[PDB]
Each structure stands twice: as structure tokens, then as C-alpha cells.
Amino acid sequence: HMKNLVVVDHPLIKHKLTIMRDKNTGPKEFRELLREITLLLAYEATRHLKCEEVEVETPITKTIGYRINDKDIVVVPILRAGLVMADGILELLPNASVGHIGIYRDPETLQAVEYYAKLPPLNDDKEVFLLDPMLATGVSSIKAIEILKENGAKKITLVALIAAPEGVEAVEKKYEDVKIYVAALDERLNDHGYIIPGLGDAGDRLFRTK
Amino acid sequence: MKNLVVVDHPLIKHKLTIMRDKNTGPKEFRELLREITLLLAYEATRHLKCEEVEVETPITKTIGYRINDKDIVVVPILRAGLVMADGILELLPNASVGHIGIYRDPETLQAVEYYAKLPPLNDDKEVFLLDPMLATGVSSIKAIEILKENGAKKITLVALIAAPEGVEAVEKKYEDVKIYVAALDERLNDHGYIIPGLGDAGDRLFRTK
Amino acid sequence: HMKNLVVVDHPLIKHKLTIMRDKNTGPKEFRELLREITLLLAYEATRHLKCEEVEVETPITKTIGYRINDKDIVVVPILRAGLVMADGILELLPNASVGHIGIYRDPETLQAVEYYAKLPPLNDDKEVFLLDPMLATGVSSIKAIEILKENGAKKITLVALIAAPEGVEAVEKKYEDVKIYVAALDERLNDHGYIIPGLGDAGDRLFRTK
Amino acid sequence: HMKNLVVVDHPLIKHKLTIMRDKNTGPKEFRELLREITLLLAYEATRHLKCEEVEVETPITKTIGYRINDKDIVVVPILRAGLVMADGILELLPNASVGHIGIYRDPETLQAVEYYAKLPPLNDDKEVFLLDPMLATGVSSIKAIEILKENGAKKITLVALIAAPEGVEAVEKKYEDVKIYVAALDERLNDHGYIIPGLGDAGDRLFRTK
Ligand SMILES: O=c1ccn([C@@H]2O[C@H](COP(=O)(O)O)[C@@H](O)[C@H]2O)c(=O)[nH]1
Ligand SMILES: O=c1ccn([C@@H]2O[C@H](COP(=O)(O)O)[C@@H](O)[C@H]2O)c(=O)[nH]1
Ligand SMILES: O=c1ccn([C@@H]2O[C@H](COP(=O)(O)O)[C@@H](O)[C@H]2O)c(=O)[nH]1
Ligand SMILES: O=c1ccn([C@@H]2O[C@H](COP(=O)(O)O)[C@@H](O)[C@H]2O)c(=O)[nH]1
């Protein structure tokens with residue numbers, strides 16, 4: 001069904017995600033696991049990046065190596081919970097430019113509310129990685145993509161922890177070219193827009209807010 | 001090379017190329033080694049077995065997955081394997097850790113153990129053995145020897161760069177050991193360094209001569 | 001003249017801060033150094049925290065040890081640049097609750113307004129650490145303290161990298177009980193509200209935005 | 001009345017140390033705490049380092065800053081347990097040279113056995129930081145100091161987690177110029193050379209060895 005979805009299949013991700021799902025897992029551990037899983041999802045999510053051959057001189061001899069255009073990578077957390085994922089991916093892409101997009105989803109209305117967007121310069125060359133752990137209805141990530149495109153972004157990859165089918169479908173309907181990398185695809189949403197079985201409220205579980 | 005996996009990822013190639021570069025100092029070199037090890041870890045741990053287990057999420061009960069976490073063993077070869085171990089332990093924080101010190105003689109091409117301190121090993125244990133430079137292979141073959149002497153069965157070798165001779169030597173002796181690397185280089189020079197390689201890994205990590 | 005100000009005097013902080021100040025220092029290194037300085041400033045900023053005696057059994061024998069009320073610590077970055085400080089402090093206080101505050105400061109009117117604030121439960125018992133690297137006019141941190149107090153915060157400690165006299169003075173005028181820990185006190189503000197000699201625009205230098 | 005001993009008094013160190021002492025604390029957490037305590041002990045152990053004034057140009061203006069001779073710092077773990085400490089201090093001193101000294105203490109004879117020493121160049125200018133968590137009889141650290149001095153080291157600082165009085169005294173008797181920074185001074189040694197109340201076997205508890 002889901003042309004643009006990659007569900008990353010790795011035993012360590014399964015392991016770690018299951019601990020996150022567990023309601024007894026507190027915020028220190030929940031954050032650690034989120035960072036760690038993002039590091040593994042990063043493997044798959046960045047596999048597409050382009051290399052240029054470049055000469056290198058080693059201590060022994062000259063040879064031909066490889067280079068990515070490093071400043072051309074843009075990492076964009078959706079606040080708050082995407083912050084922790086951004087920390088993870090920046091361990092792998094430490095010379096990326098970073099944007100921040102503040103959106104929350106209104107609990108009652110289930111619409112996205114934008115409160116901040118500060119982005120580095122964007123153009124056709126820029127590879128953007130947008131990060132938000134829970135892709136539920138999709139309204140938040142769609143809004144963030146809207147803001148990215150508006151500001152010149154072309155190539156955008158979404159990295160999430162868990163998606164629901166309707167969220168993935170929503171993103172595909174609007175933005176057919178956006179690839180989505182996740183640790184799991186769950187079953188559906190409950191009446192309050194939470195992913196089932198999911199893991200509850202990610203922001204609250206990360207930061208101990210109520 | 002039946003047992004060799006050369007991990008092909010653009011981020012690994014990028015980072016490895018900076019490590020190769022003679023101008024890259026110790027602080028960066030270490031960072032890059034740890035970062036590459038995190039990526040090589042993906043591929044090197046793909047084989048680990050899951051058990052299904054019940055979990056209750058805040059929403060509902062469901063079926064999740066679990067690895068026997070204490071049954072993983074991480075074993076750096078001193079010194080330069082230390083930085084790799086730091087990397088992999090980010091991903092496998094509940095592993096037991098062993099340490100092995102081997103001196104390789106350049107003149108005779110023989111290896112001897114100077115230290116080995118291991119956690120309990122048995123058939124169930126998944127051992128990851130870490131050394132950046134797999135050159136002649138004698139060091140990793142000695143470390144595998146020690147591991148097997150102490151009860152290890154399943155051993156996976158993770159390295160940064162290998163030379164063909166080192167890979168062959170390991171496969172001749174220990175045909176079941178899988179080897180994950182960032183690169184397979186061309187050959188060794190008259191002093192047993194990998195070409196083009198990256199020089200002396202330990203010295204470049206810690207700024208020793 | 002500055003009752004509530006602690007300028008932390010340590011050769012490593014001076015060293016690292018000098019590197020941040022240097023205009024050639026790129027975003028990767030600037031972030032690193034900010035986190036590392038925050039770790040050292042943490043030493044002094046948390047020295048006041050109260051211990052309870054508790055029994056502990058070690059593998060050899062029982063003894064009396066010490067404990068802090070860990071979940072009663074609250075870390076609050078001011079977005080964006082406080083985010084990197086928060087990562088630093090959370091390495092030492094990983095069981096803290098985390099709040100996030102977004103304040104716009106208007107350059108033309110000198111007024112500050114909240115655009116986001118998401119806080120964990122606050123009360124008299126909670127030890128709050130509020131983090132923002134550049135304490136210039138002071139209006140941003142004063143608005144954040146206002147919001148904290150509004151939501152029940154009592155004990156609040158400000159941690160910054162560099163402050164200007166006017167900022168310190170402004171905080172002391174409003175909130176006489178807030179202690180302020182910094183790596184340096186600089187000379188003054190320029191016509192555009194930047195600290196001299198300071199280090200430029202901290203957010204932009206951390207994230208490579210313009 | 002131990003002239004060269006500094007017991008670092010900080011409520012976060014006491015908090016963290018108490019968790020390490022607790023026999024139920026597993027290897028993952030034990031390692032994190034040892035690295036975190038070392039960061040705090042680093043504050044006090046490096047306070048003495050010497051600054052040179054240097055010019056820096058910030059994006060705003062030229063000013064006078066500070067600089068330490070960074071490559072002139074040497075970090076030396078005693079294997080194995082010292083490794084985790086070195087990892088912590090290297091977070092603050094990332095440009096330091098690193099030596100390794102392999103010594104274990106024979107459980108039966110309580111004598112130090114050296115199996116490895118690989119050191120960067122040493123001279124009178126070099127500031128050496130020697131790290132080993134448990135300073136019990138002193139034999140290990142005395143042997144390591146011996147090796148350092150033999151190779152040209154002059155200024156040496158010992159950082160440990162817990163010391164026993166007899167170990168501190170033994171170091172003072174031999175090397176009266178070596179300062180020792182620790183998180184705690186415990187009471188005495190038992191019959192097998194373990195610190196009471198201490199925390200058991202540091203190497204085993206870090207790495208899950210028997
Ligand atoms: O099970 C869920 C579903 C949604 N959200 C939150 O709601 C937003 C995503 O929902 P949506 O905009 O994709 O519907 C994010 O802020 C996310 O953290 C959760 O925490 N858990
Ligand atoms: O190009 C090389 C070749 C070997 N070694 C070092 O030699 C050992 C591997 O030797 P071998 O036993 O595989 O020949 C390791 O400890 C490694 O750091 C290097 O640093 N660079
Ligand atoms: O020299 C300066 C002065 C201010 N700011 C920014 O302005 C805010 C502090 O402003 P103020 O409200 O203290 O004036 C912070 O968000 C900070 O990043 C700087 O980056 N550099
Ligand atoms: O309570 C103790 C006492 C000693 N040691 C170990 O013994 C050595 C220090 O003892 P000594 O040489 O100071 O006597 C170190 O390897 C240290 O890890 C412990 O682990 N726990």
C-alpha cells in the first residue's frame with residue numbers, strides 16, 4: 001500500500017523500541033533509547049546520500065576516497081520530541097545545518113499549531129532530514145514539510161519512530177516524493193489521535209511533562 | 001573471501017576518508033572511529049536473535065521483542081580497539097566487556113598474549129571482537145584463540161580496514177568467524193602496514209610515537 | 001555592584017570560551033564547546049543542592065551515603081541556543097524534568113513576548129535551572145523567569161555563558177533572589193543589543209542560520 | 001592531615017557515588033556514573049592549569065582571551081578501570097595525549113603487576129593526569145607513577161574515586177609532590193585489600209567480569 005514507507009527491520013531497534021513502549025520506562029531511559037534508535041534508523045535513512053570521489057593522502061600513500069557535501073545536509077527536529085532524535089542524528093551528521101520547527105497538535109482539535117520556524121538557507125541541493133517520533137494523523141509533519149517547501153526545500157526525508165497507517169497515507173497523498181523511515185508501523189489511532197499500541201505521549205515521556 | 005562483509009554506506013566512506021587523511025588529528029580521529037563503529041554495528045548485529053515478549057504500553061498490551069542482553073560480549077583488542085568498544089557499547093550498553101592485549105612481532109610475525117581478562121563465556125554468548133586494522137591477521141587470530149580457549153563459540157570480528165592477507169589468514173584458521181569492515185585495501189607494505197590504509201591507528205588515536 | 005552574579009573562574013572555561021569567541025570557530029566546534037563549558041559551570045551552579053543521608057549496602061558492607069531529590073530538579077532551556085546548554089546540564093542531571101520556553105525579543109521596542117512554554121509541574125520544592133548563553137539586556141531571561149514563577153517556581157538559578165552588566169542589573173532589579181552563573185562578564189551592549197566583545201550571534205553560530 | 005589529598009565536596013558527586021556504592025547498581029549505570037563523577041572531579045583537578053593571554057577576534061571586535069597548552073596535557077588511565085575515567089576526562093580535555101599503563105593487583109600477594117605501558121613523549125612541561133578509581137594500598141598507582149617519572153614526567157596529578165588512608169599515605173611517603181583528587185576517603189582496607197565500605201571490585205562491576 002505504502003509506496004514511500006520504509007519500516008526498518010533490525011533486532012536492536014525491536015529490542016530498544018519494546019523498552020520504550022513499556023509504560024514503566026522512565027524519561028532518562030526513554031530519551032537514551034530514542035537517541036540510540038535514531039542512530040540505527042540513520043543508517044537506512046542516509047544510505048541514499050551521494051558521494052564524490054576525492055584524493056586523499058594517507059600517512060602511507062595517496063589514494064582516492066569519498067566525500068559527501070556536508071554543509072548541504074539540513075537536520076530539522078519538530079519540537080519538542082524531535083529534539084532528542086536530532087541529537088542522535090547529529091552524532092552521525094555533526095556538520096549539518098539545523099532548523100527548528102515548533103508545532104504541537106491540539107489534543108482536542110487534532111490540528112497542527114505552528115509556533116516557531118527558524119531554518120538555515122534552503123535550496124534544491126539541500127538534503128533535509130525532518131524528525132518527529134510519532135507520525136499519527138500526519139498533520140504535524142505535513143505542516144512542517146509545507147514550511148520547508150515554502151522556504152526552498154526540495155529533497156526531504158522523514159524519520160520517525162512509530163507511524164500509523166493513516167499518517168503515512170496522509171503524507172503520501174500530499175507529498176508523494178517524501179520518503180519515510182520508521183522503526184514500526186502500528187495498527188491505527190484511538191479516539192484521541194494516539195497510535196495503538198504505540199507508546200503514549202512521546203514529549204511527556206521524554207521530558208516528564210503532564 | 002567467504003566470511004568478509006565490506007559495509008557499503010556513503011557515511012562510512014566519507015568518515016573513513018577523513019580518518020585516512022594524514023592531517024586528521026587525534027581528537028577527530030577518535031570521534032570518527034567511534035562514529036564509524038556505530039554504523040558498522042548496524043550490520044554486524046543484524047543477525048542477533050529476538051524473543052517475542054509481552055509488553056504493556058500506556059495505551060494497551062502488545063507483543064514486542066527482546067534480545068538476551070547480558071549474553072552479549074564486547075572484546076576490544078588493546079589499544080586501538082578501545083575506541084571501537086566505546087562506540088559499540090553505545091548500542092550494546094548492557095554487554096559484558098573483555099580486554100585482550102597481544103604483542104605482534106614484526107620480525108618473526110608471531111603473536112603473544114600480554115593480557116586477557118574475560119567475562120564468563122559459553123555457547124550462548126555472542127562475542128564481538130574489535131580491532132581497527134586487520135593487517136596480517138595474527139593479532140586477531142591470537143585473540144580468537146584465547147576466546148575459544150575460554151569457551152567462546154560465536155565470534156564476530158569488527159574492523160575498520162582489512163588487507164586481503166589478514167582476511168585470508170583468519171578464514172584459514174577460523175572458518176566460522178564473520179568479519180565486518182569499512183574497507184578492504186590492497187595489500188601490506190614491507191613493515192606490515194595496510195596500503196593505502198591510514199598509518200598507525202593506535203598512535204593516531206592517542207598521539208603516541 | 002552585582003549581588004547575585006557568580007563569574008566562574010576556571011582556566012578550562014577561559015580556554016574554551018576564547019575558542020567560542022574566535023569568529024573562525026565553526027558550528028560543530030562551537031556546539032561542542034558550549035556543552036563542555038556548561039558541564040564545568042554546572043559544577044558551581046549545582047553546588048548548593050541539598051543532600052539527604054541514606055543507608056546503602058555496598059558489596060562489602062552497609063554504610064551511610066547521600067541522595068538528592070532527583071526528579072525535583074527542573075532544567076529549562078530558552079530556545080534555541082539554550083538547547084545545547086540543556087544537553088550539557090542533562091549529562092549531569094539526567095533524571096531532571098525538562099521544560100522549554102520560547103521568547104521573542106523585539107529589537108525596536110525592547111519588549112519580550114512568550115511564543116511557547118511547556119513546563120513540568122512546578123512547586124516550592126523544585127530546583128529550577130534556566131539556561132540561556134547570552135544574557136544581554138536581560139529581557140528574555142526575565143520573561144522566562146516571569147513565566148516560571150507564574151507556574152509555581154520558587155527556586156530558580158540562571159546559567160549563562162556571557163553576560164553584560166546591564167542584563168545582570170536588569171535581572172537583579174526584578175528578581176532579587178535569582179542567582180546567576182556565567183563564564184564571563186563582558187563590557188557592554190552595542191547599538192543592536194549584542195554583547196561586546198561577546199561572540200556574535202550564539203544561535204546562528206550553533207546551528208548555522210543567518 | 002594528608003597534605004596532598006583533596007576530597008572533593010560536592011552534593012552531585014555524593015549522590016552519584018552513593019549509587020555506585022550500592023551493590024544493585026549494574027555495569028551500564030556504574031560506568032555512566034563513573035564517567036559523570038570524573039567530569040565533576042575534573043573541575044577541581046584541572047583548576048591549577050596555567051593560562052596564557054592571547055588575542056582573539058570575535059565577530060564583533062578584537063579582545064584578549066586565554067589559552068592553555070593543550071597538547072602538553074597527558075591523560076593516563078590505569079587499565080582496566082581507569083579507562084572509563086579517561087573517557088570522562090577526555091570529554092573536557094579532548095586534545096590531550098593519552099598513555100596507557102596496564103597494572104593489576106595480585107589478589108593474593110597484593111603486589112602490582114605491570115603488563116603494559118605505552119606513553120606519549122613526556123618532559124618537564126607536560127601536565128600528567130593519572131586515573132584509577134580505587135586507591136587502596138597504593139601499590140598500583142605508585143608503580144604507575146614510577147613508570148611515568150622513569151619516562152620523563154614531572155608534574156603528575158592522581159584522580160581517583162575513593163581512597164583509603166593507607167593508600168594515600170603510601171603515595172605521600174614515596175611521591176610527596178603528587179596531588180590526589182578523590183570523591184571520598186573511606187575508612188580502611190579489609191583482609192583482601194578492599195576498601196571499606198568502598199564499592200567492591202571496580203573493574204568487575206564496570207565490565208561484568210568475575
Ligand atoms: O501516539 C501518539 C500520537 C501522537 N503523538 C504526538 O502528536 C504529534 C503527532 O501527531 P500527528 O500530527 O502526526 O497527528 C507529535 O507531537 C507526537 O509527539 C504522540 O506523542 N503519541
Ligand atoms: O596498517 C596497519 C596495520 C596494523 N596496525 C596495528 O597492528 C595490529 C594488527 O596487526 P595484525 O596482527 O593484524 O598484523 C593492530 O593492533 C593495529 O593497530 C595498524 O595500526 N595499521
Ligand atoms: O550578544 C548577543 C546578545 C544576545 N543574543 C541573543 O539574544 C537573546 C538574549 O537577549 P536578551 O533578551 O538578554 O537581550 C538570546 O536568545 C541570545 O541568543 C546573542 O546571541 N548574542
Ligand atoms: O576496594 C577495592 C580495592 C582495590 N581495588 C582494585 O585494586 C587496585 C588498587 O589497589 P591498590 O594497588 O591501590 O592496592 C585497582 O586495580 C582497583 O580497581 C578495587 O577494585 N576495589
Side-chain angles (χ1 to χ4, degrees), chain C residues 8-25 32 35-36 39-44 46-49 51-68 70 91-94 184 186-187 190 192 194-201 204-205, chain D residues 8-25 32 35-36 39-44 46-68 70 91-94 184 186-187 190 192 194-201 204-205:
Chain C
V8 178
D9 192 342
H10 189 282
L12 284 182
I13 292 182
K14 291 182 201 314
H15 175 81
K16 291 184 186 291
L17 184 70
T18 295
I19 299 184
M20 294 192 67
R21 285 187 190 270
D22 179 352
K23 76 221 278 261
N24 301 332
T25 295
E32 291 179 353
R35 164 175 142 288
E36 294 163 21
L39 284 175
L40 295 166
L41 292 172
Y43 181 97
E44 291 285 12
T46 55
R47 214 160 166 36
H48 73 273
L49 292 169
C51 280
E52 283 206 333
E53 310 195 330
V54 270
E55 71 131 285
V56 243
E57 184 175 349
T58 90
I60 287 144
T61 192
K62 288 208 192 151
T63 183
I64 297 181
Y66 307 89
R67 194 187 69 200
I68 285 169
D70 224 357
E91 283 172 70
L92 295 164
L93 309 166
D186 275 10
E187 322 191 15
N190 74 10
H192 281 127
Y194 286 104
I195 306 160
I196 294 161
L199 55 63
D201 195 310
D204 284 1
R205 291 194 66 189
Chain D
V8 170
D9 184 18
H10 195 284
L12 280 186
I13 291 180
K14 308 197 196 320
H15 178 77
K16 292 175 192 287
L17 186 61
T18 306
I19 302 163
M20 301 189 63
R21 290 186 193 262
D22 179 350
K23 85 214 242 310
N24 298 341
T25 303
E32 308 169 342
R35 185 218 69 130
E36 288 153 34
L39 277 166
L40 294 162
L41 289 176
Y43 184 88
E44 289 288 357
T46 67
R47 215 183 223 286
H48 80 275
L49 295 181
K50 219 216 88 60
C51 263
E52 194 171 54
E53 285 178 19
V54 299
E55 201 169 52
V56 287
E57 186 173 334
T58 90
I60 283 164
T61 191
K62 259 172 267 179
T63 200
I64 271 47
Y66 309 88
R67 169 178 57 160
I68 282 158
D70 234 344
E91 265 167 76
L92 294 184
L93 299 165
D186 281 2
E187 276 116 55
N190 71 8
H192 298 94
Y194 286 85
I195 300 180
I196 299 174
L199 51 63
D201 198 285
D204 289 349
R205 293 198 68 190

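Throughout, protein chains are lettered first and strands after them, A, B, ... in sequence-line order, and every chain is numbered starting at 1.
Most heavy-atom pairs under 4.5 Å with chain C, from the set D:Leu92, D:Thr61, D:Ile13, D:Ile195: that is D:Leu92. Chain C forms the most heavy-atom pairs under 4.5 Å with one residue out of D:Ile68, D:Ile60, D:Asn24, and that residue is D:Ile68. Among the candidates C:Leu17, C:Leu40, C:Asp22, C:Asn190, the residue making the largest number of heavy-atom pairs closer than 4.5 Å to chain D is C:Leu40. With chain C as the partner, the residue from D:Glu52, D:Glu44, D:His48 showing the most heavy-atom pairs under 4.5 Å is D:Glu44. Options C:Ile196, C:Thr25, C:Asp201, C:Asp70 differ in how many heavy-atom pairs under 4.5 Å they form with chain D, and the most are formed by C:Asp70. Among D:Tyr66, D:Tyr43, D:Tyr194, the residue making the largest number of heavy-atom pairs under 4.5 Å with chain C is D:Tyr43.
Between C:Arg21 and D:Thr58 the shortest side-chain heavy-atom distance falls below 4.5 Å. Proximity of D:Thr46 to C:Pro11: side-chain heavy atoms (C-beta onward) are nowhere separated by under 4.5 Å. A 4.5 Å side-chain heavy-atom check between D:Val54 and C:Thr18 finds at least one atom pair inside the cut-off. Counting only heavy atoms from C-beta outward, the side chains of D:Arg205 and C:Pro59 approach each other to under 4.5 Å. Between D:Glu91 and C:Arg35, some side-chain heavy-atom pair lies under the 4.5 Å cut-off.
Distance alone, capped at 3.5 Å, places no donor-acceptor pair between the D:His15 side chain and the C:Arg67 backbone. Within the 3.5 Å criterion, the main-chain N or O of C:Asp9 finds a donor-acceptor partner in the side chain of D:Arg47. Counting only distance, with no hydrogens or angles, the side chain of C:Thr63 and the backbone of D:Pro197 share no donor-acceptor pair below 3.5 Å.
Under the 4.0 Å criterion applied to side-chain N and carboxylate O atoms, C:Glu53 and D:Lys14 are not assigned as salt-bridge partners.
With a 4.5 angstrom heavy-atom cutoff, D:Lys50 does not touch chain C via any of its atoms. C:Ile64 does not touch chain D: none of its heavy atoms, backbone or side chain, sits under 4.5 Å away. In this structure, chain D has a heavy atom under 4.5 Å from the side chain of C:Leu39, while its backbone stays farther away.
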Inset, instruction - Tell me, with the steps shown, if D:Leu93 and C:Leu12 meet side chain to side chain contact (heavy atoms under 4.5 Å, CB included). - result: CA-CA 9 Å; D:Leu93 299 165; C:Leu12 284 182; 3.8 Å; yes
